[PDB]
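Protein chains in written order, with my numbering: chain A, 1 to 53; chain B, 101 to 168. The C-beta atom is built at its ideal place from N, Cα and C for all residues, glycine as well.
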């Protein structure tokens with residue numbers, strides 16, 4: 001199968017609460033390009049193994 | 101000689117004829133043997149458009165879903 005390494009997951013994550021993120025949808029307007037790059041990666045290549053960087 | 105006319109076909113007939121009937125008969129026998137040979141092959145291996153079972157679908161969906 002060959003999965004990704006142990007030190008592949010990015011540090012400093014999930015510090016915010018579930019509704020704290022939902023409180024501001026301004027995240028959809030500002031910082032949207034890197035979110036759309038990952039989104040376009042997923043529809044082209046379905047595997048999470050390639051789109052992790 | 102009187103019996104030969106208007107009552108007899110003649111030796112020329114059924115010699116030029118019958119061979120014509122045999123010519124159709126030879127075509128009828130060889131193609132029927134070929135049909136028995138073709139159906140013996142087409143049923144065993146799915147190569148030609150004879151005894152072919154229907155498939156599921158040619159085209160169903162290709163549009164982008166909300167998949168993971």
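Same chain, Cβ closer than 7 Å to residue i, five either side skipped, listed in chain order
i, result
"residue 152 of chain B", "146"
Alpha carbon of residue i to alpha carbon of residue j, nearest angstrom
i, j, result
"residue 25 of chain A", "residue 35 of chain A", "13 Å"
"residue 136 of chain B", "residue 39 of chain A", "59 Å"
"residue 7 of chain A", "residue 166 of chain B", "30 Å"
"residue 140 of chain B", "residue 110 of chain B", "46 Å"
"residue 13 of chain A", "residue 162 of chain B", "36 Å"
"residue 158 of chain B", "residue 15 of chain A", "49 Å"
"residue 122 of chain B", "residue 105 of chain B", "27 Å"
"residue 156 of chain B", "residue 150 of chain B", "18 Å"
"residue 143 of chain B", "residue 124 of chain B", "28 Å"
Expected contact under 8 Å - CB spacing of residue i and residue j to nearest Å
i, j, result
"residue 61 of chain A", "residue 42 of chain A", "This structure does not reach residue 61 of chain A, given that chain A is present from 1 up to 53, and the question cannot be answered."
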